[PDB]
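Structure first, commentary second.
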2 protein chains.
Amino acid sequence: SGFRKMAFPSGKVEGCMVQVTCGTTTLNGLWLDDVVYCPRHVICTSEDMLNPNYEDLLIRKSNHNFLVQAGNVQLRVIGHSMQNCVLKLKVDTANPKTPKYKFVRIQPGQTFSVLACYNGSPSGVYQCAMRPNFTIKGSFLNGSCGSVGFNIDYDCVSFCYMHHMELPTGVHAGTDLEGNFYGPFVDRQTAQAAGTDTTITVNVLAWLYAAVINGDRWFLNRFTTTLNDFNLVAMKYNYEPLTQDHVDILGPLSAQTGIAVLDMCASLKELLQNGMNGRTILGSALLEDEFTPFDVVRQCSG
Amino acid sequence: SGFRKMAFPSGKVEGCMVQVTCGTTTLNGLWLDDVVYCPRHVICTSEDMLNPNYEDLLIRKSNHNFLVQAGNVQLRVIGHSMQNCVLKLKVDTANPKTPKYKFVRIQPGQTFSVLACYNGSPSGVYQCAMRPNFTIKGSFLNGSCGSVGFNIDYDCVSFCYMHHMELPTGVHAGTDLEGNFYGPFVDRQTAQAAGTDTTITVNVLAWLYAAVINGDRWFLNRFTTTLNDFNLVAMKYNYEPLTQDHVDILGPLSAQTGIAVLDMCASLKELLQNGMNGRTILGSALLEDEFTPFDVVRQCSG
Ligand SMILES: *[C@H](O)[C@H](C[C@@H]1CCNC1=O)NC(=O)[C@H](CC(C)C)NC(=O)OCc1cc(F)c(F)cc1F
Ligand SMILES: *[C@H](O)[C@H](C[C@@H]1CCNC1=O)NC(=O)[C@H](CC(C)C)NC(=O)OCc1cc(F)c(F)cc1F
């Protein structure tokens, strides 16, 4: 009973967070086996940030320019390299707490847990969706770079995000763990604009199924719609098109509730056209689009 | 930048969760030093649940009736006792991962992180407030009992909640770690009603300060109010009275934003009387009351 935005338990990742210092710049790194991963802008200084030439900056560095601190213990850096926008620091000690892990590059609309960290020390955990415009709506202050996002599946941690920057609109941008930015962003100290965002339709439908599973039924109707006709209304309200692949993904939730997917689409259409009229769904006065179908199944039951 | 509902990192608690089995009943326990804490209704059966006599049920049990599983390892139960609504199981092994910890009984309006668990295995983490009617709005399924709520302060875990039951309205009730229920509830398989709930005024004000710190200023006004006059309007909208102690607690946030507390009260009064007119605050169309002043300061900065 109840439905909450829920993060994965963070213990397996907490044991991987370290502090990386280069000069007067300190941020977080991810320590897996004998490698530490961190954002390459740790090697920048005050005037570098505007438009840094990272290959030049890195060639001017040596191993002893990097300070890695794991709790109170200093780790010796014995090699360094740059891969896209991430720095990889080889250290003399393999992390004894390295979980089973993978690196994954996620698609827009997928969610993950963020372990916000400062100075190598975890601060809090929360759930984020990769927006269609490749930003996330996080909570990050100075010193948070190198915090990572992840999913957990049977004690295997899939890392999918490393934090690098904030945009002027207060949203956030970063890379996969191979250092490739999500979206068009670059790691420079400049105001960068994201594309216009859209609402993740398949997630809104998943969340309406969660509401029914939890006993919220007031928005259902007897009407039905075609997929093409639903997507015409979706365009008008800046919702992503719903594909047949999305319909199939909602299959299990549709089977558990007995509500056909295109039936739930007819409910969403009426909610988009008439509003909620002062009612709420799962406690929300706005339609929620940061729960995937997987998130709903993981948390709901019978 | 950004403001998110954020849980504490859960690693220190994950290493304390075990499975407790009595007969065909399985739930979660908390393993600290050589004691396992769990809800006493683990010793109930099908017909016991309606109105169990727990002292009778426990006198009919012996140590070997309790199965404790820590991961794959079985722990030997070498003693047992009941304290209020919690069972305490002495085991032959002290938990090597026992954090520094305290047991605390919290006041309504305070928040904590919940580590939802099933079969001794952590499932997810989320933040909850103890409501004025001593329920929490959680997400708990069959098998979740014994999941705990906690706060963390400089690597000391303060445990404040253990989960025992759901109410017919879909909210949740439980005990402190000494086994005393929050609120009037009892651990019987019966429909129990909570008192009428009210909104946590000091938390709503804290969250309005978070919005200003984050650049949301549209709800401010030039007007001001007295505390007595604010509390007359609070009663009309089912808000808790604001005390001078609450005003003092909001001191730091007021000093950082330059907005006097009674000035922010005048904003809240106008929001209560006129609504938001289709605008949002920190992404919310409803006023949020599950962030304490401490939560805001912990997460916000300059
Ligand atoms: C790394 O810790 C930090 C995270 C930021 C800091 C505040 N909240 C965050 O998420 N990342 C940065 O500070 C990056 C460093 C660059 C070298 C990549 N810069 C950044 O986020 O700048 C944002 C920015 C910059 C300019 F110039 C603007 F005009 C607006 C703006 F939002
Ligand atoms: C323990 O795991 C479980 C947690 C519940 C199960 C579903 N969601 C939860 O949070 N606790 C219980 O099942 C307790 C056991 C009692 C012996 C304390 N019962 C319970 O929650 O019942 C709720 C209930 C009971 C009756 F009879 C009703 F009519 C309504 C109702 F909500």
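Heavy-atom basis, side chains included; hydrogens, waters and symmetry copies ignored. To find a chain, count down the sequence lines: A is the first, B the second, and so on, and within it residues start at 1.
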pair B/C128-B/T111: side-chain heavy atoms closer than 4.5 Å: no
Side-chain donor-acceptor contact under 3.5 Å, B/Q244 with B/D248: yes
Donor + acceptor pair across side chains of A/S1, B/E166 (<3.5 Å): yes
Any B/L287 side-chain heavy atom under 4.5 Å of B/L272 side chain: yes
Check: A/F185 ring centroid to A/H164 ring centroid under 6.0 Å: no
Verdict with reasoning, B/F8 to B/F112, per ring-ring contact (aromatic ring centres under 6.0 Å, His included): CA-CA 8 Å; B/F8 285 103; B/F112 55 95; over 10 Å; no
Note, B/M6 side chain near B/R298 side chain (heavy atom, < 4.5 Å): yes
side-chain hydrogen bond (donor to acceptor under 3.5 Å, both in side chains) evaluation trace for A/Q127 with A/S113: CA-CA 4 Å; A/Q127 201 77 345; A/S113 298; 2.6 Å; yes
Aromatic contact, B/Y161 with B/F150 (centres under 6.0 Å): no
Validation row: B/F134, B/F181 side chains within 4.5 angstrom (heavy atoms): no
Closest heavy-atom pair and its distance - A/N214, A/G2: OD1-N, 2.9 Å
B/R131 and B/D197 ion-paired at < 4.0 Å: yes
Expected output: side-chain B/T257 to main-chain B/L253 donor-acceptor under 3.5 Å: yes
A/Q107 atom CD, neighbour heavy-atom count above 12 within 6.0 Å: no
Interatomic distance, A/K5 atom NZ to A/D295 atom CG [nearest 0.5 angstrom]: 10.0 Å
A/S139-B/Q299 side chain donor-acceptor pair, cut-off 3.5 Å: yes
Non-hydrogen atoms of B/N221 and B/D263 that approach each other most closely: O-OD1, 3.6 Å
Side-chain donor or acceptor of A/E14 paired with backbone N/O of B/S10 under 3.5 Å: yes
B/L262 versus B/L227, closest heavy-atom pair with distance: CD2-N, 4.0 Å
Note, B/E288 side chain near B/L282 side chain (heavy atom, < 4.5 Å): no
Heavy-atom side-chain contact between B/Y182 and B/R105 under 4.5 Å: yes
Donor-acceptor under 3.5 Å (B/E178 side chain, B/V104 main chain): no
Any side-chain donor near an acceptor of the partner, B/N133 and B/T135, under 3.5 Å: yes
